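**Q** Sharing a structure with you now.
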Amino acid sequence: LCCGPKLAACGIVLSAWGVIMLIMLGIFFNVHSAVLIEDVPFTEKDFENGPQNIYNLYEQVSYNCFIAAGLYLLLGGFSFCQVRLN
Amino acid sequence: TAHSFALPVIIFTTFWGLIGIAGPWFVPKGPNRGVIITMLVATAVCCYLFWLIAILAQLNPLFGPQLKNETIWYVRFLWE
Amino acid sequence: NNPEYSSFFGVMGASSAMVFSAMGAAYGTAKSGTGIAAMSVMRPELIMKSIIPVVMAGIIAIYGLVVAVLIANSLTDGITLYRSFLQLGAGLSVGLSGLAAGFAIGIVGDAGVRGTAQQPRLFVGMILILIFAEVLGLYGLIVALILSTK
Amino acid sequence: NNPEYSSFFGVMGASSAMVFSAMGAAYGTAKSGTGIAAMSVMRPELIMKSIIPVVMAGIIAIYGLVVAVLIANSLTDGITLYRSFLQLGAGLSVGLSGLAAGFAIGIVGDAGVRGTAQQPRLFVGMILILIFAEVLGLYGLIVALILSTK
Amino acid sequence: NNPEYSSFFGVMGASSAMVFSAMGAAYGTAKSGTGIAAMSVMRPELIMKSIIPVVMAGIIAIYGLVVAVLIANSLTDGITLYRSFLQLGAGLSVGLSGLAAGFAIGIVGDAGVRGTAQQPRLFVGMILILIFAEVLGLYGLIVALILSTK
Amino acid sequence: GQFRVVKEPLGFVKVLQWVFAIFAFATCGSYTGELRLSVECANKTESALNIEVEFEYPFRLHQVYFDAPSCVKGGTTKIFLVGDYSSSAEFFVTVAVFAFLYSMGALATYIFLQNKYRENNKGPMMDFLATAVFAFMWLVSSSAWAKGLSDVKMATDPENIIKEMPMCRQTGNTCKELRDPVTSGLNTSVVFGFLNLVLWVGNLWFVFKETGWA
Amino acid sequence: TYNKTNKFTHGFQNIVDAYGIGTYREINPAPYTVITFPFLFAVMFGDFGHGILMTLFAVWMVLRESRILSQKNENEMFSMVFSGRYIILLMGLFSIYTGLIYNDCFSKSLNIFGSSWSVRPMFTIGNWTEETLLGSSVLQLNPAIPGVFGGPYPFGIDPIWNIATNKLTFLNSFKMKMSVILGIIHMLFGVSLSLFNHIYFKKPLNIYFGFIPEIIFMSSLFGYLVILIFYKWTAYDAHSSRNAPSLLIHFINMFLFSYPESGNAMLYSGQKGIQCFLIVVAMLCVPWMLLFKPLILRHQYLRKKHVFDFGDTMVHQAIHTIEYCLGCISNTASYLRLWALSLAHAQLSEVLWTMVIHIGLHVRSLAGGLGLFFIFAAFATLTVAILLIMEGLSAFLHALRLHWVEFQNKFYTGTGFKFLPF
Ligand SMILES: CCCCCCCCCCCCCCCCCC(=O)OC[C@H](COP(=O)([O-])OCC[N+](C)(C)C)OC(=O)CCCCCCCCCCCCCCCCC
Ligand SMILES: CCCCCCCCCCCCCCCCCCCC(=O)O[C@H](COC(=O)CCCCCCCCCCCCCC)COP(=O)(O)OCCN
Ligand SMILES: CCCCCCCCCCCCCCCCCCCC(=O)O[C@H](COC(=O)CCCCCCCCCCCCCC)COP(=O)(O)OCCN
Ligand SMILES: CCCCCCCCCCCCCCCCCCCC(=O)O[C@H](COC(=O)CCCCCCCCCCCCCC)COP(=O)(O)OCCN
Ligand SMILES: CCCCCCCCCCCCCCCCCCCC(=O)O[C@H](COC(=O)CCCCCCCCCCCCCC)COP(=O)(O)OCCN
Ligand SMILES: CCCCCCCCCCCCCCCCCC(=O)OC[C@@H](O)COP(=O)(O)OCC[N+](C)(C)C
Ligand SMILES: CC(C)CCC[C@@H](C)[C@H]1CC[C@H]2[C@@H]3CC=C4C[C@@H](O)CC[C@]4(C)[C@H]3CC[C@]12C
Ligand SMILES: CC(C)CCC[C@@H](C)[C@H]1CC[C@H]2[C@@H]3CC=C4C[C@@H](O)CC[C@]4(C)[C@H]3CC[C@]12C
Ligand SMILES: CC(C)CCC[C@@H](C)[C@H]1CC[C@H]2[C@@H]3CC=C4C[C@@H](O)CC[C@]4(C)[C@H]3CC[C@]12C
Ligand SMILES: CC(C)CCC[C@@H](C)[C@H]1CC[C@H]2[C@@H]3CC=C4C[C@@H](O)CC[C@]4(C)[C@H]3CC[C@]12C
Ligand SMILES: CC(C)CCC[C@@H](C)[C@H]1CC[C@H]2[C@@H]3CC=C4C[C@@H](O)CC[C@]4(C)[C@H]3CC[C@]12C
Ligand SMILES: *[C@@H]1O[C@H](CO)[C@@H](O)[C@H](O)[C@H]1NC(C)=O
C-alpha cells in the first residue's frame, strides 16, 4: 500500500506521540494519581465503602490507555514499513 | 507534607546564582563569549524571577483550594 | 379550567403557517416568473421546462396550508396553554422555513432559468439546487408536525 | 411552581432552531446558486463539482433540524421554566450560529464558484474556507446539544 | 428561595457567547474569503498563505464556544441571580468582543490578502495587524473567564 | 568462558555485589507488616476488642486506614497512619535493583567478553565511573533507609498510634496493644545496605588499580 | 549599522531589526532579546507538553538544518519558521521551564514533590465529617487551621490547584502580579540601557535630564508597585486575611491622595507619608524633563556664541515628556497581555482536554481503549492546529510587540541603515 512520504511521516510522528503520551497517561492512571480523578468513569455507588473501587476504575482506564498505545505502536510500525517501501 | 521554605529557596537561589554569576567566568574565550555570557545572565535572572514569583505567590495563602466533594473524598485517602 | 386567551397563540400559529409560507411561495412564484419571462423572449421552448421552480414554490405553500389545517383542526375551546404554544411554534417553524425556502427557490430559479437559456447543461444543476432549497421547507414541515401532533 | 407559560420558551426554542438555521441554509443555497448560474454559462463541466456550497448550506439546515427535533421531543406539559429556558437557549444558539454560517457559506461559496471558473486552483481554497464556515454552525450545534441534553 | 426565572439570563449569556462570536467569525470567514477569491485569480500560489485570516476568524468562534460551554456546563437548577447575571455578563463580553474582533479580522484580511498579492512584503505586515485584532476577542474571553468564575 | 575471572578478587567482589542488593531487594520490597490493637470503652459493649490492619513495603502509611471505635453511641472514626517514607524505601530498593542489574551485566561481561572490557582500560573507566556513582548512591540511601526505618518504627508503633488516638482523652476508655511487626527484615535490609556500601567502597580501589590510575 | 551576525543570533537580529535598524553604535537589543523574547513568549505559552513538542520540532529543524538549506523550497511560511529554528528552540525550552513552573502539562499538573494542601486536618482539627462532605457540593479548604497548608510548593504552582474549582481565583491574581512585575522590570532594564546609550554618545544633558528623571519616575510610581506586591506576598497570611488590603485600591488611592480613614488599613506604618513623598517625586520628574533641558539648550546655543527655535524645542520636549509619562502607565497596563495570553492558552488547553480526551478516558468498558485511538488523533491534531500553531503564533507576535514598543521605546531609536555590503 504505497503512499506519499509526507503522509507516512505524519503517521509515524503521530504514532510516536500517541505511544509516548498514552503510555505516560496509563502509568499515571495506574499510579492512582488524583489529578486525573475527573477522567475516571466512576459512579455514586463507588463512594460507598472505600477507594478500592476507584482504584479498580483507575486501573481500567490505564488498561484502555495501554491498548491505545499498542494500537498506535501498530500504526507507527505500518508507517515505518511504508517509509521503508519509499 | 511540610514543604519548608528554606531548602527550596536556598537551593534555587544558589543554583541560579552560580549559573548567572559563576557561569560567565567559566565560558571559554572566543568570538561568542559576550553573547554567551549575556545568555547565561539573562537566563539566570529571568528563570529565578519566575520561580521566585511562583513560590512567593503560594507562600502565605489567604484562602485554600475549593475541591469538589468527590475529589475531597478521594484525596483524603490518597494524598498525605 | 383553562385560560380563555390560550387559543390565541393557537390561531396565530395556523394563521402564520399559512401566511409566511404563502409569502415565501409568492416570492418564488414572482421571481422565477420574471426570470421565465426574461428567458421566453429568446428561448421559448424552455418555458414549460422552466416552470419547475414555480412548482417548487407552490409546494412550499402546500406545506404551510397543510400545517395550518392541522392546527386549524387541533383548536378547541379548552385548548391548554401548552398545546396552544406548541401549535404557535409549529406554525412559526413551518411558516418561516417556507418563507426562507421560497426566497431561496425564487432566487435560484430566476438565476437558473436565465442561465439555462445560455447553457442548457445547467438545467439539471439548477434542479438539484432547487431540491436543496425545497427540502428546507420540508424540514420546517417535519418539525411543525412534530410540534403540532405532540 | 411550573407556571402555565413555562413551555412557551421551549417551543420558541424548537421553532428558532428550525427557522433561523433554515434561513441561513436558504441564504447559503440562494447566493451560491446565483454564482453557479453565473459560472455555468462559460464552464459547464464545473457545475456538479461546484455544488459543494449548497451541500454545506443543507448541512447547516440539517443541524437546525436535528436540534429542533431534539427539543420538540422533550417538551413535557409541566416543563420547568429552567428546562424551557435551556431549550430556548439551545434553539437560539443553533439557529443563529447556523444563520451566521449560512451567510458565510453563501458569500464564500458564491465567490469561490465564480473565481474557480477563472483559476481552477482556487477550488481547494474555497473548500477550506467553506469548512471554516461550516464548523461555525457545528459549534452552535455542539453548544445547543450541551444545553438541550443537560 | 430564588426566582424561577433566575436561570434565564445565564442561559442567554451562553447562547450569546456562541451566537455573536459565530457571527463575528462568519463575517471574517466571509470577508477574507471574498478577498481570497479576488486575489487567487492572479496569484494562485498565495491561497494557502492568504488563508490565515479565515483561520483567525475561526479562532474567534472557538473562544465563544469555550465560554458558551463553560457557561452551559455551570447552569444549575437553583442558579442564583448573582451567578446568572455573572454568566450573562461573561456571555455579553465574549460575544460582543468576538463580534468586533471578527469584523476587524475580516476587513483587515480582505485588505491584506489583496495587498500581499500586490506587494509580497505586506504579508507579514498583515499578520502583525491581524493578531492584534484577534486578541481583542481574546480580551473579551479573558473577562468572561474572570466573570463566570467570580 | 572466562570463569576464572569470577574467581579473581574483582570477580569475587562483583559476585558479592550481585548476591547482595538482591538480599536487600528481597528483604525490603517483599516486606508486609501487620498491626493489631484493642480498645475497651466506657461501655464494654462498644469496645473494639480486636482491630487489625496491614501495610506493605512502599510505606505509604498515610494511605493505610482503619475504623477505630468512637466510644460514643458505638460509632467509628476513620484513622490514617502518619506520614509516608516511600521517598526513602523506593529510593533504596531502586538503588539495590540497579546494583543487581549492573552486577549481572558486569559478571556476564567478565565471563564472556572480559577481553573487550579490558580493552584500552575504557571498560575499567566506565567501571570506575559507575563505582563512584553507586558509592554515592549507597552512601545517601543507607542513611535514608535507616532514618526511614526508625520513623517507621515510631509511626507504626501501636503506642504512638494510641497516644494520638482521641479515645484515651475520654473517660474510662483503655486502648492496649496486641501485636508488633517483624523488625528483623528491615534491620537485615539496612545491615545489607551498609554491607553493599562497604563493598562498593572497597571496589573503588580495585577499579582504580585495574584502570592503571593507582 | 553592522552587527556581525552569527548563525544562532541571525534569527533574533532579524527579529529586532524588523521594527527599524539601530543607529550607528547604539546599545543593541539583540543580545538581551535572545533570552527575553523566548522568556516573554514562554510566560504566555507556558506549558510543559506544548513546550516539549515545540522543542522537539525545533531540534528536528536544527539537526536536519543542512538538508533543508540544501533542499530549498518556495514555501514562505516554512522558510520563515526554519529561519527562526533557533528562536523556536529557545522558545520551546523556556516554555518547558514555565510550564514546569505553572505545573502544567497538556492542562494537567504533575505533583512530583507532593502538595502542601492536606484535607485530613479539616476532618481532625476542623469540624468536617462525612456528613459535611455529603451535604456540600463543592465545599472549600482553609489554611488557617494548623496542618492544612504545609508551606509553599518547592518548585512551581502546587498541583492541587489543577483539581480545585478555585483555580482561576488564585491563578488570575498570581499571573496578573507576575505580568506586572516582569513588565516593570523589563522597562527598568530598558531605561538603564538608555543610560548606557547616553553615556556612550556623550550626552550628559540627556543623562541628568532625561534618563535620571525617567528612572526616578518609573521606580517611584511602578517599581514601588512591585515592592508592594512582594511585600504583601511576604507579610499577609491566612490569619490576617480578613484585613488584607487590595493593592489595586492602594495604588489608586496613592495616585488620588485619597488615603481614607475607613476601609482597608495601611499596608505598613507611615504609608501615607512615604506614598505622598513618592507621588511628589513622580510629579516633579515631569517638570524636571520638560522645563530644564530646553532652557539649558537655549542658554548654551543662543545666548552663548551670540537655527535654534525655543518654541519648537519646548514643544518637542513637552511631547516627549507626555509620551513617556503616559507610556509608563499604558505599558504597565499592556504587559498584562502576558497574563491574558497565558490564561487563554491554559483555558483553551483545559477545554480541549476535557472536550476531546475526557470522552475517551471517561469510558467504563475496556472497548474504550479503541476509542481513545481515534479521539486521541483529534486531540493531537487540535493541539497542533489551535494551540501549538495559532496560540503559539499569537504569543510569539505579542512577545515581539512587547519588545518593540514597551521595552525598546526606553532606549532604542532605530533610525539607521542596514549595512548592505557588496
Ligand atoms: C509541530 C508544531 C510545533 C510548533 C511550531 C510552530 C510554532 C508557532 C510559531 C511560529 C512562528 C514563526 C515566525 C518566526 C520565525 C521567523 C523569524 C526569523 O528569524 O525570520 C526573520 C524574517 C525572515 O527572514 P529574512 O529573509 O528577513 O532573513 C534575513 C535575510 N536578509 C538579511 C538577507 C534580509 O525577517 C523578517 O521579516 C523579520 C520579522 C519577522 C516577524 C515574524 C512574523 C510572523 C511570521 C509567521 C510565520 C508563519 C506562521 C506559522 C505557520 C506554520 C505552518 C506552516
Ligand atoms: C531585578 C532583576 C533584574 C536585574 C537585571 C540587572 C542585573 C544583571 C546585569 C548587571 C550587569 C552585569 C555585568 C555587565 C557586564 C560587565 C562587563 C564584564 C562582563 C564579563 O565578565 O563578561 C565580558 C563580556 O560581557 C559581555 O559581552 C556583556 C555581558 C552583559 C551582562 C549583562 C546582560 C544581561 C542583562 C539582562 C538581564 C535579563 C533581563 C531582565 C528582565 C567579558 O569581557 P570581554 O573580553 O568579552 O570584553 C567585553 C566585550 N567583549
Ligand atoms: C528546560 C529548562 C531550562 C530552560 C532555560 C534555559 C534555556 C537555554 C537555551 C540556550 C541553549 C541552546 C543554545 C543553542 C544551541 C545550538 C547552537 C547553535 C550554534 C552555536 O554554537 O551558537 C553560538 C552562540 O552560542 C550558543 O549557541 C549559546 C550556547 C551556550 C548558552 C549558555 C546559556 C544556556 C542557558 C543557561 C544555562 C542552562 C540553564 C538550564 C539548566 C554561535 O554560533 P556558532 O559560532 O556555532 O555558529 C556557526 C556559524 N558562524
Ligand atoms: C399571521 C401573520 C401575522 C399577523 C400579524 C400581522 C398583522 C398585519 C400588520 C403587518 C403589516 C401588514 C401590511 C403589509 C405592509 C406592506 C409593506 C409594503 C412596503 C413598501 O413597499 O412600502 C415602502 C414604505 O414602507 C412602509 O411604509 C412600511 C409599511 C407600513 C407600515 C405598516 C404598519 C402601519 C402602522 C400600524 C399602526 C397601528 C399600530 C397599533 C397602535 C415603500 O418603499 P420605498 O421606501 O422604496 O418607497 C418608494 C416608493 N414609494
Ligand atoms: C534601577 C532600579 C530602580 C529602582 C527600582 C525599585 C523601585 C524603588 C521604589 C522607591 C524606593 C523604594 C520603596 C520606597 C517606598 C516604601 C517601601 C515599603 C516596603 C514595605 O512594605 O516595607 C514595610 C515597611 O517598612 C518599614 O516598616 C520601614 C519604614 C518604611 C519604609 C522606609 C523606606 C524603605 C526603602 C528605602 C529606600 C530603598 C530604595 C530602593 C531603590 C516593611 O515593614 P514591616 O512589615 O516590618 O512593618 C509594618 C508594620 N509596622
Ligand atoms: C510528540 C512528542 C512526545 C510528546 C510527549 C508528551 C508527554 C505527555 C505525557 C503526560 C500527559 C498527561 C499529564 C498528566 C500528569 C499527571 C500525573 C501525575 O500527577 O503524576 C504524579 C503521579 O503519578 C503521583 O501523584 P499522586 O499519586 O496524586 O501523588 C503522589 C505523588 N508523590 C509520591 C510525589 C507525593
Ligand atoms: C406531500 C406534500 C403534498 C406536502 C403535504 C404533506 C401531507 C400530505 C402529509 C405528509 C406527512 C403527513 C403527516 C405525517 C405524520 C403525522 C403525525 C401522525 O401522528 C398523524 C398525522 C400526521 C400529522 C400526517 C398528516 C398528513 C401529512 C402532513
Ligand atoms: C393539496 C392537498 C392534497 C394537500 C393535503 C391536504 C391537507 C391540506 C389537509 C386536507 C384534509 C386535512 C386533514 C383533515 C382532518 C384532520 C383530522 C384532525 O384531527 C387533524 C388534522 C387532519 C388530519 C387534517 C390534516 C391536513 C389535511 C390532510
Ligand atoms: C421521506 C419522508 C419520510 C419525510 C417527508 C414527509 C414528512 C413531512 C413526514 C413523514 C413521516 C412523518 C413523521 C411520522 C410520525 C411522527 C410521529 C409523531 O408523534 C410526530 C410527527 C412524526 C415524527 C412525523 C413528522 C413528519 C414526517 C417525518
Ligand atoms: C426517512 C428518511 C428519508 C428521512 C427523511 C426525513 C427525516 C427528517 C424524518 C423522517 C422520519 C422522521 C422521524 C420519525 C419519527 C420520530 C419519532 C418522533 O417522536 C419524533 C422524531 C422522529 C425520530 C422523526 C425525526 C425526523 C425524521 C427522521
Ligand atoms: C432529509 C435528511 C437529510 C434530514 C437529516 C437526516 C435525519 C434523518 C436525521 C439525522 C440525525 C437525526 C437526529 C439525531 C438525534 C436525535 C435525538 C433524538 O432524541 C430525537 C431524534 C433526533 C433529533 C434525530 C432526528 C432525525 C435526524 C435529524
Ligand atoms: C468549628 O469550626 C470553626 C470554623 O471553621 C473552627 O475554627 C473550629 O475549630 C471548629 N470547632 C470545633 C470542631 O470544635
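Numbers here mean position along the shown chain, with the first residue as 1.
This entry, so its header tells us, was determined using electron microscopy, 3.2 Å.
Yeah, the Cβs are placed from backbone N, Cα and C, and that goes for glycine too.
What Swiss-Prot shows for this protein is this:
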DOMAIN    F:5-212  domain 'MARVEL'
TRANSMEM  F:10-33  transmembrane segment
TOPO_DOM  F:34-91  topological domain 'Vesicular'
CARBOHYD  F:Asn43  N-linked glycosylation site
TRANSMEM  F:92-115  transmembrane segment
TOPO_DOM  F:116-122  topological domain 'Cytoplasmic'
TRANSMEM  F:123-146  transmembrane segment
TOPO_DOM  F:147-184  topological domain 'Vesicular'
TRANSMEM  F:185-208  transmembrane segment
MOD_RES   F:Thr211  phosphothreonine
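Context for these features, please: burial, neighbours, distances.
**A** Annotation for F:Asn43 (N-linked glycosylation site): spatial neighbours F:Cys71, F:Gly74, criterion Cβ-Cβ under 8 Å with sequence separation of six or more. According to DSSP, F:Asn43 (N-linked glycosylation site) sits in a coil region rather than a helix or strand.
The list of residues near the topological domain 'Cytoplasmic' (F:116-122) in space but at least 6 beyond its ends in sequence, with Cβ under 8 angstroms from a Cβ of it, reads 109-110, 210-212.
Note on the transmembrane segment (F:123-146): residues 28, 87-89, 91-92, 95, 98-99, 102, 106, 109, 116-117, 189-190, 193-194, 196-197, 200-201, 203-204, 207-208, 210-213 of its chain, located 6 or more positions outside it, place their CB under 8 angstroms from a CB of the stretch.
Applying DSSP to the topological domain 'Vesicular' (F:147-184) sorts its residues as follows: 22 helix, 4 strand, 12 coil.
Here F:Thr211 (phosphothreonine) comes close to F:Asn121, F:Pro124, F:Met125, F:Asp127, F:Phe128: these same-chain residues lie at least six apart in sequence, with C-beta atoms under 8 angstroms from its C-beta.
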**Q** Below 8 angstroms Cβ to Cβ, which residues of this chain, lying six or more residues outside the transmembrane segment (F:92-115), approach it?
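**A** Counting only partners 6 or more residues beyond its ends, the transmembrane segment (F:92-115) has Cβ contacts under 8 Å with 1-3, 5-6, 11, 14-15, 17-18, 21-22, 24-25, 28-29, 57, 123, 127, 130, 134, 137-138, 141-142, 144-145, 148, 189, 193, 196.
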**Q** Checking distant contacts: for the transmembrane segment (F:10-33), what same-chain residues at least six beyond its ends satisfy Cβ-Cβ under 8 A?
**A** 4, 54-57, 89, 92-93, 95-97, 99-100, 103-104, 106-107, 110, 145, 156, 181-182, 185-186, 188-189, 192-193, 195-196, 199-200, 202-203, 206-207, 210
**Q** For the topological domain 'Vesicular' (F:147-184), could you work out the same-chain residues 6 or more beyond its ends whose Cβ comes under 8 Å from its Cβ atoms?
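**A** Those are 33-42, 50, 55, 59, 61, 68-69, 71-72, 77, 79, 81-83, 85, 88-89, 92, 190, in sequence order.
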**Q** By DSSP, what is the split of the topological domain 'Vesicular' (F:34-91) into helix, strand and coil residues?
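**A** Final tally across the stretch: 12 helix, 26 strand, 20 coil.
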